[PDB]
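Comments concern the structure below.
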Amino acid sequence: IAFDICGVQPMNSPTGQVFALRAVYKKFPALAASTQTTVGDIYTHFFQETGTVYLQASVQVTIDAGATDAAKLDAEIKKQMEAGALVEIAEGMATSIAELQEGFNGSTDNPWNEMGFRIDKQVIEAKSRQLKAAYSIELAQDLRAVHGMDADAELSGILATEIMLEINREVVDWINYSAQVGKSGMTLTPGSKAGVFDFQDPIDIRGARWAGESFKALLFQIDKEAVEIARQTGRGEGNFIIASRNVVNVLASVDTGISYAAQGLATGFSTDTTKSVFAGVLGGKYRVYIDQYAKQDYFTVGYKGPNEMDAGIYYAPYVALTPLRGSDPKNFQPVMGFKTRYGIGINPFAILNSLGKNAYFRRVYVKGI
Amino acid sequence: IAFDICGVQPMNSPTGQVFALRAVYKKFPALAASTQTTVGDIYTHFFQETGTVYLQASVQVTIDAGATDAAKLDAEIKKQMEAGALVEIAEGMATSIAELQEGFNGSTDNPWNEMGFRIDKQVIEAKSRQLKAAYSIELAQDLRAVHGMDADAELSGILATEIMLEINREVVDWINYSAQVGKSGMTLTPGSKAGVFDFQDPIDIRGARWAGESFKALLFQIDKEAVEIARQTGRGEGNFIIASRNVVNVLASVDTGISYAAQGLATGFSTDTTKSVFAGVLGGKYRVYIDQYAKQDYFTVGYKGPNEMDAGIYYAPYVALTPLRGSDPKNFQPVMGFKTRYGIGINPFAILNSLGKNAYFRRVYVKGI
Amino acid sequence: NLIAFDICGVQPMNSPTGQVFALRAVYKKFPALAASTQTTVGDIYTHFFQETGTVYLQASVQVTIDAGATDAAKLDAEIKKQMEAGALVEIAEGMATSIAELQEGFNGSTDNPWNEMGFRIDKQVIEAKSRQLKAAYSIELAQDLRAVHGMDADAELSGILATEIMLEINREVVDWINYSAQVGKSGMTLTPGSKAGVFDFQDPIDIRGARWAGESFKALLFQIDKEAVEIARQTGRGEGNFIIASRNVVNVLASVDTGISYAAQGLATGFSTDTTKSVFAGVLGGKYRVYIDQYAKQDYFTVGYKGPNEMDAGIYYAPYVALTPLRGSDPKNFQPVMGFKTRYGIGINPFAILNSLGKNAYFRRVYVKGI
Amino acid sequence: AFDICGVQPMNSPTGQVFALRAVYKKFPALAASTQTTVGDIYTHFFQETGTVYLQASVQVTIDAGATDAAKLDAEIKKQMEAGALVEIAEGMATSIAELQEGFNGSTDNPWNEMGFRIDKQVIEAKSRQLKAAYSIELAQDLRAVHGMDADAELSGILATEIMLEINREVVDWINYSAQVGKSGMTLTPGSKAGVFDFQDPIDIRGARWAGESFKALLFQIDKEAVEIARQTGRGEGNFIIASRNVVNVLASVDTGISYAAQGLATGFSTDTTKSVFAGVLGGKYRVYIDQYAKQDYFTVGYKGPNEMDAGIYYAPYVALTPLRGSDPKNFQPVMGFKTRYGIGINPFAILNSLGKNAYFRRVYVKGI
Amino acid sequence: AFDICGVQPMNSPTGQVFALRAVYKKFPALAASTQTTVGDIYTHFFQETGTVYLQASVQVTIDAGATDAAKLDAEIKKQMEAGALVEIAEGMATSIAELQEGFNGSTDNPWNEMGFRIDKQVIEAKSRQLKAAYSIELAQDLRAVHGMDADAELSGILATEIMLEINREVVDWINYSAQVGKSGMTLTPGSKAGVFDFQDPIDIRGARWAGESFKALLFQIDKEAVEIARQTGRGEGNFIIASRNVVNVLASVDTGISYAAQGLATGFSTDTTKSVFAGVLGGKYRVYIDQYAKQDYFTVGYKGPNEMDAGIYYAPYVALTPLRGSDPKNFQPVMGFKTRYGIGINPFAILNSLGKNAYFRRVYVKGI
């Protein structure tokens with residue numbers, strides 16, 4: 001039943017389609033020897049080391065007029081930077097120019113720009129899941145005769161649960177195939193291991209002591225992943241986490257009164273285990289699932305809007321729990337099960353071109369728990 | 001009453017039977033010199049140190065075509081890895097291939113959809129148990145004369161308590177016998193001692209500082225056992241813990257106010273002791289009961305579903321607390337006593353097929369408390 | 001003014017001599033593992049290692065243990081490897097029980113296996129043992145206590161003395177508890193680096209490597225729980241329900257778990273309005289009802305068990321007489337006396353004072369150093 | 001992102017907004033042989049480090065033989081070490097000015113204008129507009145396949161995008177005009193003059209782990225808020241505009257300063273509600289997430305209760321006026337909207353906006 | 001405006017206020033061969049680290065063969081370790097003094113006295129005035145454009161400013177009459193005699209990061225508060241007046257000491273109302289922001305329940321009295337406000353006030 005998690009847009013035919021709100025997808029004069037900068041303006045300089053900077057003047061200062069040697073010029077600029085005379089910003093300076101130029105050169109013309117979205121569609125097959133039931137008469141006969149049980153019906157209900165669990169696994173698995181590698185690039189700590197959050201590694205845990213602090217550090221990496229999702233998808237920051245039992249046990253220990261075992265269950269001695277759902281209030285940024293089938297130890301930060309076209313992944317059921325019945329006359333032993341067909345969708349990002357591309361999701365390997 | 005964690009059903013006739021819902025029960029091309037990786041694709045390489053890792057490309061980078069020296073290749077791969085160009089993931093690869101291959105050329109066979117269960121039944125006798133009061137007239141005369149007591153009325157309450165305790169012991173005993181050795185196989189720490197958790201052993205306690213962290217390390221092993229139960233049963237994570245008083249007190253010392261001492265009785269100066277129930281729920285997940293008769297010191301993790309038929313162990317009280325009364329003329333001392341006939345059951349897993357074999361339970365010996 | 005025996009049985013007398021009752025409890029060839037043995041999962045074999053005697057090993061893996069290991073040293077080596085591999089698992093008494101039940105259960109019979117309730121239940125005779133005190137005071141104070149303070153003199157002395165005799169009998173009970181208590185932190189309750197009967201806060205072993213007092217104090221509690229368990233096991237009645245401990249120990253215990261003891265904040269706020277320090281401090285961890293031994297001689301605590309039944313204490317006191325007055329004067333100086341006598345009788349669960357000293361299963365005493 | 005600025009809406013371009021624009025002593029030298037008077041202040045230029053004022057705590061003669069300035073400095077240094085002379089700067093500069101005014105005070109007629117100029121600006125109701133630009137087949141399929149409202153939904157998206165762009169623009173002007181923060185008056189001498197680097201021991205003041213480090217940024221924020229208070233003459237920063245990284249950091253401290261929200265915390269896909277403020281940091285700064293942050297930064301700004309006390313203005317005239325049509329090159333549908341509002345700024349003398357806006361301080365952030 | 005001072009409001013200039021102005025051991029040596037007497041206190045000079053005062057708990061003979069001061073020190077030290085001899089310094093001086101004073105007590109004729117003289121100061125109702133200078137066009141536009149009462153609202157600003165300016169002036173005088181804080185009795189030996197540098201281990205008592213460094217300032221504040229009690233004879237500092245930076249520092253320490261008036265922040269600057277105390281530092285000192293702080297600093301001061309125990313007096317005579325007219329030279333309207341109040345301090349003797357007033361101690365701040 002792990003479909004609330006994504007868009008569904010159920011099909012009424014295989015191939016068969018879903019929709020997604022796919023996104024559309026520094027010129028400063030000079031900072032130079034003998035030039036007096038003007039306060040509030042910005043000048044550009046290439047340092048002999050580490051490329052260029054863009055510095056805003058706070059001080060109207062003439063910089064080393066005799067510095068025909070960049071080494072001297074660099075030194076004076078550094079002194080002026082220390083002085084606060086000249087201050088470095090990078091992309092933000094690009095912005096100031098863009099705003100400066102468009103403001104001063106603004107005109108009516110007819111510059112209707114576009115919503116930042118391509119908006120697109122996919123044709124998907126109603127991919128199915130199932131294998132043969134094979135159950136006996138005698139069993140069914142005694143379940144009813146002994147306890148008044150509905151026999152086959154109960155067995156069927158169990159089976160139906162197993163179907164949903166297998167689907168849930170597939171949905172999650174697809175997230176974890178299409179998801180981009182998290183804790184990478186824009187989301188790395190300079191001293192990191194490039195993709196693994198190692199609780200025993202001071203860098204990943206930002207120098208944390210005690211489980212309290214290192215656990216918060218994990219959530220911090222999660223916040224970073226959510227931001228990258230916003231940066232690449234344009235739909236806002238990551239809105240959910242799917243994670244291994246180890247990860248949730250850790251995150252559950254952050255903010256304390258957040259993740260639940262649905263302990264009313266245990267209180268009553270396993271009254272309804274509901275092992276298909278989530279349980280809680282971690283932070284306030286991510287909806288969350290406890291992946292009981294996690295192969296080892298990881299988390300993935302995802303996103304989902306209120307609109308079904310704003311998932312980045314889709315579950316579009318065509319056939320669900322459609323009963324299959326029969327028997328083999330050689331012994332008349334019965335067949336009871338269900339057929340299903342649902343198919344998946346994945347925002348294009350242009351399965352081979354989905355693997356490692358899905359900007360709505362970032363997958364991180366977890367170590368050290 | 002141990003009968004919170006077993007199936008009951010029960011029997012209105014010995015021989016006689018119970019039901020049990022029994023279970024039916026990394027290939028990448030290469031990461032090598034001169035190969036330009038493709039973003040999202042996964043490449044494999046065995047390092048001269050560490051061994052094989054699998055890295056997922058984030059960057060379309062040629063891995064040093066001149067790195068014909070495996071040492072040089074390791075250096076280049078490591079460099080690209082540090083760069084975040086190639087990121088290490090472990091289980092992620094195992095699952096990625098499985099879907100890639102199945103998706104690409106999958107099929108359906110003749111999938112009259114199933115549940116991964118055989119579901120079966122076991123015939124049981126109403127195995128008896130019985131106790132005798134074994135008391136004298138002289139005692140009875142004075143309990144009445146001295147305290148105004150109803151003599152064997154009290155002995156009866158004690159005796160009844162004693163027989164139900166013995167029954168409860170038998171349930172626990174069979175769980176402990178049926179349990180597979182825990183902290184074994186899939187649940188071992190490489191430096192571990194095979195089936196025993198030793199609080200003085202830095203491996204078992206994961207380098208823990210003082211009792212606080214060490215006690216939590218025990219909790220950690222318990223969760224690992226609970227998972228193994230889910231893996232083998234196909235039903236779910238352990239729902240209860242049976243453990244020695246030492247272990248329960250240990251578990252009670254971490255994960256806050258879970259296990260209760262029935263503090264109202266302590267406050268009132270032993271108005272009762274009520275030492276006959278589950279102490280509480282560990283992690284909000286496992287009901288934990290005290291093994292009042294533990295042979296050594298230990299814990300057992302077990303699973304119990306909502307269905308009585310999903311216990312792994314069964315108890316069927318056809319006859320219980322039937323009083324006996326009389327005298328024996330040789331000493332003419334009174335006769336008072338109790339008898340019961342309940343029988344036990346196991347999930348057959350084909351007693352001979354459950355001792356040290358039953359998937360529903362895992363048992364670990366505990367040292368060092 | 002309190003008995004401080006609210007953790008023990010009374011069974012009061014109607015005559016000296018005099019008696020109490022107590023619910024005294026009544027009180028398989030695993031086949032040798034050998035070279036070439038093909039084990040079977042769940043089966044248990046006996047193995048004698050050249051070092052440290054025997055173990056019992058359960059198969060987790062259906063494996064042959066080196067048929068060429070005719071040398072016990074080789075057999076041990078293969079076994080150790082199989083243990084490292086998780087193939088073979090060591091448990092001792094925990095196995096003895098499974099073999100016993102399988103064998104006894106399978107080969108059982110209706111016959112006549114009626115087992116007894118696990119209780120003997122017996123009685124003791126107690127004389128109304130007496131204790132007594134005198135005021136030993138002077139008349140000149142009685143005269144001026146009245147003239148100067150408006151005091152009732154003798155009346156206050158009487159109250160003081162009555163208090164003292166009650167405190168002294170309560171002290172006597174504690175001494176008997178400590179006398180009879182078994183030594184705690186002993187046998188079943190020892191760790192490998194332990195010191196047999198004493199918890200030392202300056203000893204890294206006792207504090208289990210604790211960081212500062214918070215953790216060290218908790219370590220003391222952990223030892224207390226272990227004591228409670230051993231008591232439970234030996235008496236067959238369950239975990240210790242109360243603690244008697246010295247001022248230093250109690251203050252330590254009250255420094256953890258936030259509110260186990262009453263601080264007597266009403267009393268303190270009002271500047272010692274009525275101290276009544278003859279009362280239980282409160283409940284440790286919500287588990288043990290704890291009383292302060294205001295007369296502790298060394299520094300210590302005793303953990304003990306008490307059921308709801310007066311016959312389930314392990315120690316008994318049967319008040320026959322209390323505060324019977326004395327009045328007179330000593331002609332050697334004609335100074336006055338006031339006084340009291342009590343009579344009560346005490347008992348101890350038989351546990352067979354000869355069978356009491358260091359033998360009383362309901363209690364475990366541990367000394368504490370380093371506070 | 002207009003509830004953090006004055007609005008003063010237009011009913012005509014040009015058009016204008018109003019703002020509460022603010023209007024905008026020889027201590028005797030200490031010398032050799034001079035005995036100080038306790039509590040008195042003297043001027044002294046050290047050969048090394050220049051001038052300080054020296055306050056006497058001790059009535060001490062400063063080495064009558066100290067002809068050489070080097071000797072005079074040495075005796076002063078010794079007297080300083082001894083606590084006899086205390087080295088101070090501007091607190092005294094004000095003390096003497098007030099002392100002197102007291103001394104030379106006179107009834108006269110010293111009426112002084114409250115320190116305000118109070119002024120106005122003429123503004124153009126600058127327009128903005130976006131179009132749907134979409135294929136008809138898409139719209140036909142959206143409806144035909146799932147009963148979606150097709151072009152109607154695109155219209156809703158577009159209206160949203162326009163509003164987001166307007167907020168974007170307001171932020172961009174704030175970050176155009178904002179002064180450079182973590183500079184001047186708000187620097188630690190060992191700092192990088194404008195960038196807060198979480199990997200840099202100085203910026204984080206040697207903080208132990210993230211908790212303390214995150215607070216260190218909030219401390220820098222308070223320093224910025226103060227500089228704003230000082231320069232505007234109206235009060236400390238009241239709000240923050242920041243990148244998600246910065247907001248997430250600040251939201252990680254002080255338990256509940258940001259919206260805990262706990263309704264979108266463990267479960268699945270109900271909403272994202274991405275149209276609101278993150279909360280109030282420290283109970284002081286209303287904070288909004290810059291969904292278009294280019295790299296990683298934040299700005300601290302002041303906003304008073306009056307329309308005239310924002311330092312920046314947004315004056316809506318026209319909103320979401322629809323466009324409908326098609327592009328004949330392929331006859332594909334067009335929908336869209338146009339708005340008009342216009343902006344303003346405290347004059348501060350966009351010529352006088354760039355890097356001059358006293359109501360705001362912009363800080364570049366890295367290392368998160 | 002200030003109102004944490006004595007007010008004793010005047011009904012005339014000159015005109016006066018009152019103030020409750022302040023008036024302002026032969027231990028036996030411990031020695032070789034001497035058996036001590038329990039409870040007695042002996043003095044001993046160790047060859048190293050000066051002297052101690054040791055009280056006998058044990059009647060022990062201190063090594064009669066210790067004729068060598070080095071041996072004597074060793075035995076004394078050992079008996080001290082033994083608990084035989086217990087060390088206290090001034091506490092012993094007090095105990096022996098009491099013994100001596102009690103023992104030799106006599107009526108004689110030293111009737112003692114409250115250690116006060118109590119005095120009076122005549123003060124003028126010093127005036128202050130501000131102008132409006134509002135133009136006609138401004139008024140026409142504020143009414144025409146926003147429906148504003150123009151001059152009336154600008155007047156509210158003007159009146160507020162004269163109130164604030166006086167409040168500022170009162171504080172300024174406190175900051176000059178105050179004695180140098182972090183001086184003498186309140187210094188760390190390695191200090192700079194009056195400035196607290198949050199980056200300097202000496203001032204921050206070895207503290208790690210801003211958290212503990214900031215806490216170290218609280219320590220210095222408590223030291224100042226004590227010095228005030230020591231010299232005033234009336235009590236320890238009760239309040240802190242400090243720069244925004246310092247108040248923010250204090251706010252960050254122990255958290256609940258001061259508040260943002262976060263309801264105003266929450267409501268988007270409904271008001272700022274920052275004319276009241278931020279809170280109470282540590283639950284001990286009421287703390288308020290000097291929004292006009294010149295550099296960066298804090299002053300610790302004492303205030304008794306009696307107006308005459310303030311150390312500073314403000315005795316308002318005239319306040320916020322409006323000016324009305326016009327000026328035909330440009331024919332613009334005339335508005336403004338005036339006050340009269342008068343101030344003074346208790347010097348415990350600005351000529352006799354600067355750097356002298358025991359009620360207050362002022363410290364410079366660096367390194368935040």
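Going through the structure tokens in order, the chains are called A, B, and so on, while each chain numbers its residues from 1 and the ligands are numbered from 1 in the order shown.
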
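Superposing chain B on chain A by least squares over every C-alpha atom, paired in sequence order, leaves a C-alpha RMSD of 2.8 Å.
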
Task: Superposition RMSD [C-alpha atoms, order-paired], chain E onto chain D - done: 3.1 Å

Task: Residues near residue A:64, cut-off 9 Å, only C-alpha atoms, skip fewer than 6 positions along chain, as an MDAnalysis selection string - done: chainID A and resid 32:35 72:73 76:77

Open item on the list: Excluding stretch 103-111 of chain B and its own-chain neighbours fewer than 6 positions away, which residues fall within 8 Å of it when counting only C-alpha atoms? Please give them as a list in words.
Closed with: residues 129, 130, 131 and 132 of chain A

Could you please take those selected residues and save N, CA, C and O atoms as a PDB file, in the first residue's frame?
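See out_15.pdb below for the written result:
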```
ATOM      1  N   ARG A 129       3.032  -8.636 -10.808  1.00  0.00           N
ATOM      2  CA  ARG A 129       3.787  -9.464  -9.846  1.00  0.00           C
ATOM      3  C   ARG A 129       2.971 -10.633  -9.267  1.00  0.00           C
ATOM      4  O   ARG A 129       1.919 -10.398  -8.686  1.00  0.00           O
ATOM      5  N   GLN A 130       3.558 -11.852  -9.335  1.00  0.00           N
ATOM      6  CA  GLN A 130       2.897 -13.056  -8.751  1.00  0.00           C
ATOM      7  C   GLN A 130       3.534 -14.418  -9.068  1.00  0.00           C
ATOM      8  O   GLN A 130       4.260 -14.475 -10.078  1.00  0.00           O
ATOM      9  N   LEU A 131       3.461 -15.408  -8.156  1.00  0.00           N
ATOM     10  CA  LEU A 131       3.698 -16.859  -8.517  1.00  0.00           C
ATOM     11  C   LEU A 131       2.659 -17.870  -7.921  1.00  0.00           C
ATOM     12  O   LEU A 131       2.113 -17.590  -6.889  1.00  0.00           O
ATOM     13  N   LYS A 132       2.403 -19.044  -8.540  1.00  0.00           N
ATOM     14  CA  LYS A 132       1.345 -20.022  -8.104  1.00  0.00           C
ATOM     15  C   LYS A 132       1.190 -20.462  -6.611  1.00  0.00           C
ATOM     16  O   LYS A 132       2.124 -21.000  -6.020  1.00  0.00           O
TER      17      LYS A 132
END
```

Task: Residue contacts of stretch 199-211 of chain B (8 Å, only C-alpha atoms) excluding same-chain residues fewer than 5 positions away, as a list in words - done: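 Contacts, in chain order: residues 189, 191, 192, 217, 218, 366, 367, 368 and 369 of chain B; 208, 209, 210, 211, 215 and 219 of chain C.
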
TODO: Select, from E:172, E:81, E:307, E:48, the residue with the minimum atom-to-atom distance to chain D, counting only C-alpha atoms.
DONE: E:172

Task: Backbone DSSP call of alpha helix (DSSP H) for stretch 215-328 of chain B, listed as a ChimeraX atom specification - done: /B:215-233,245-252,263-267

Dump as a tab-separated table (two decimals), in the first residue's frame, selection limited to N, CA and C atoms:
```tsv
chain	number	residue	atom	x	y	z
B	215	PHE	N	25.07	-1.52	27.85
B	215	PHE	CA	23.73	-2.01	27.97
B	215	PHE	C	22.98	-1.76	26.67
B	216	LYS	N	23.18	-0.58	26.08
B	216	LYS	CA	22.56	-0.29	24.80
B	216	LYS	C	23.08	-1.26	23.72
B	217	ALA	N	24.36	-1.62	23.78
B	217	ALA	CA	24.90	-2.59	22.82
B	217	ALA	C	24.14	-3.93	22.93
B	218	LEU	N	23.70	-4.30	24.13
B	218	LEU	CA	22.94	-5.54	24.24
B	218	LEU	C	21.63	-5.36	23.48
B	219	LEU	N	20.98	-4.20	23.68
B	219	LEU	CA	19.72	-3.86	23.00
B	219	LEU	C	19.91	-4.01	21.49
B	220	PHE	N	21.03	-3.49	21.00
B	220	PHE	CA	21.38	-3.58	19.60
B	220	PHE	C	21.41	-5.05	19.14
B	221	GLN	N	22.10	-5.93	19.88
B	221	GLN	CA	22.12	-7.34	19.48
B	221	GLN	C	20.71	-7.93	19.46
B	222	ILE	N	19.87	-7.51	20.40
B	222	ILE	CA	18.50	-7.97	20.44
B	222	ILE	C	17.76	-7.60	19.18
B	223	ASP	N	17.90	-6.35	18.74
B	223	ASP	CA	17.25	-6.00	17.50
B	223	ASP	C	17.81	-6.83	16.35
B	224	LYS	N	19.11	-7.10	16.32
B	224	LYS	CA	19.62	-7.91	15.21
B	224	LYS	C	18.95	-9.28	15.19
B	225	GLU	N	18.81	-9.88	16.37
B	225	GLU	CA	18.14	-11.20	16.50
B	225	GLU	C	16.70	-11.09	16.00
B	226	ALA	N	16.01	-10.00	16.36
B	226	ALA	CA	14.63	-9.82	15.98
B	226	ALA	C	14.47	-9.82	14.49
B	227	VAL	N	15.45	-9.26	13.79
B	227	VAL	CA	15.45	-9.20	12.35
B	227	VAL	C	15.65	-10.57	11.77
B	228	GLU	N	16.61	-11.32	12.30
B	228	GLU	CA	16.85	-12.66	11.80
B	228	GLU	C	15.58	-13.50	11.91
B	229	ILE	N	14.82	-13.28	12.97
B	229	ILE	CA	13.57	-13.98	13.12
B	229	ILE	C	12.67	-13.58	11.98
B	230	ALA	N	12.56	-12.29	11.69
B	230	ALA	CA	11.72	-11.91	10.58
B	230	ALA	C	12.17	-12.55	9.28
B	231	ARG	N	13.49	-12.58	9.07
B	231	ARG	CA	14.03	-13.11	7.84
B	231	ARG	C	13.66	-14.57	7.65
B	232	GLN	N	13.79	-15.37	8.71
B	232	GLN	CA	13.49	-16.78	8.59
B	232	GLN	C	12.02	-17.15	8.72
B	233	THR	N	11.26	-16.41	9.51
B	233	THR	CA	9.86	-16.76	9.69
B	233	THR	C	9.01	-16.31	8.54
B	245	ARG	N	16.52	-12.38	35.11
B	245	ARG	CA	16.32	-11.17	35.88
B	245	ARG	C	17.46	-10.19	35.69
B	246	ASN	N	18.69	-10.69	35.58
B	246	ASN	CA	19.82	-9.80	35.39
B	246	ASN	C	19.66	-9.05	34.10
B	247	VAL	N	19.33	-9.77	33.03
B	247	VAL	CA	19.15	-9.14	31.75
B	247	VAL	C	18.02	-8.16	31.77
B	248	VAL	N	16.91	-8.51	32.38
B	248	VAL	CA	15.81	-7.59	32.37
B	248	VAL	C	16.21	-6.32	33.10
B	249	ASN	N	16.88	-6.44	34.24
B	249	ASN	CA	17.31	-5.26	34.97
B	249	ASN	C	18.25	-4.41	34.12
B	250	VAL	N	19.08	-5.07	33.33
B	250	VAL	CA	19.96	-4.37	32.41
B	250	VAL	C	19.16	-3.63	31.37
B	251	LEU	N	18.22	-4.30	30.75
B	251	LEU	CA	17.44	-3.66	29.71
B	251	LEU	C	16.65	-2.51	30.28
B	252	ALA	N	16.17	-2.68	31.49
B	252	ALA	CA	15.40	-1.70	32.21
B	252	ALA	C	16.20	-0.45	32.54
B	263	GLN	N	5.86	0.01	41.25
B	263	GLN	CA	6.27	0.97	42.25
B	263	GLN	C	5.21	1.38	43.25
B	264	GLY	N	3.95	1.13	42.94
B	264	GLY	CA	2.90	1.45	43.87
B	264	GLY	C	2.92	0.44	45.02
B	265	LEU	N	3.45	-0.76	44.73
B	265	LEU	CA	3.45	-1.82	45.70
B	265	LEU	C	4.64	-1.60	46.60
B	266	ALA	N	5.73	-1.10	46.00
B	266	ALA	CA	6.93	-0.78	46.77
B	266	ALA	C	6.63	0.37	47.73
B	267	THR	N	5.94	1.38	47.22
B	267	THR	CA	5.58	2.56	48.00
B	267	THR	C	4.72	2.20	49.18
```

Open item on the list: What's around stretch 16-24 of chain D at 10 Å? Count only C-alpha atoms, leave out sequence neighbours fewer than 6 positions away in its own chain, and write the answer as an NGL selection string.
Closed with: (:D and (6-10 or 113-125 or 231-234 or 306-315 or 342-348)) or (:E and (138 or 141-142 or 145-146 or 154 or 157))

Open item on the list: as a PyMOL selection string, please: the residues near residue E:190 (cut-off 10 Å, only C-alpha atoms, same-chain neighbours under 2 positions excluded).
Closed with: (chain D and resi 81) or (chain E and resi 187-188+192-193+201-203)

Now that the selection is made, can you save its residues with N, CA and C atoms as a JSON list (two decimals), in the first residue's frame?
```json
[["chain", "number", "residue", "atom", "x", "y", "z"],
["D", 81, "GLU", "N", 50.49, 48.04, 33.17],
["D", 81, "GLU", "CA", 50.61, 46.69, 33.69],
["D", 81, "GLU", "C", 50.25, 46.65, 35.16],
["E", 187, "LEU", "N", 40.51, 42.57, 39.01],
["E", 187, "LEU", "CA", 41.36, 42.08, 37.92],
["E", 187, "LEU", "C", 42.02, 40.73, 38.06],
["E", 188, "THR", "N", 42.18, 40.12, 36.90],
["E", 188, "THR", "CA", 42.99, 38.95, 36.68],
["E", 188, "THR", "C", 44.40, 39.53, 36.54],
["E", 192, "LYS", "N", 44.36, 43.49, 31.09],
["E", 192, "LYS", "CA", 44.61, 44.78, 30.45],
["E", 192, "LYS", "C", 44.03, 45.96, 31.23],
["E", 193, "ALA", "N", 43.64, 45.70, 32.48],
["E", 193, "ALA", "CA", 43.13, 46.68, 33.43],
["E", 193, "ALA", "C", 41.88, 47.47, 33.04],
["E", 201, "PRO", "N", 42.46, 34.42, 26.64],
["E", 201, "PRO", "CA", 42.40, 33.38, 27.67],
["E", 201, "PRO", "C", 42.44, 33.95, 29.08],
["E", 202, "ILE", "N", 43.10, 35.09, 29.26],
["E", 202, "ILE", "CA", 43.19, 35.72, 30.57],
["E", 202, "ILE", "C", 41.83, 36.20, 31.04],
["E", 203, "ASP", "N", 41.11, 36.84, 30.13],
["E", 203, "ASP", "CA", 39.81, 37.41, 30.41],
["E", 203, "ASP", "C", 38.75, 36.36, 30.39]]
```

Open item on the list: Please report the interatomic distance between atom CA of residue D:129 and atom CA of residue D:290 in Å with one decimal.
Closed with: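 That distance, rounded to one decimal, is 20.5 Å.
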
Open item on the list: Just list as a ChimeraX atom specification whatever in stretch 81-159 of chain B DSSP marks as strand (DSSP E or B).
Closed with: /B:86-88,113,117,120-123,128-132

- [ ] Restrict the distance test to only C-alpha atoms, flag each residue of chain C within 7 Å of chain B, and return the flagged residues as number ranges by chain.
- [x] C: 6-7, 41-42, 60, 83-84, 86, 89-91, 93-94, 98, 114-117, 191, 208-210, 225-226, 229, 241, 283, 286-289, 306-308

Task: Of the listed residues E:127, E:12, E:299, E:35, that which approaches residue E:359 most closely, counting only C-alpha atoms - done: E:299
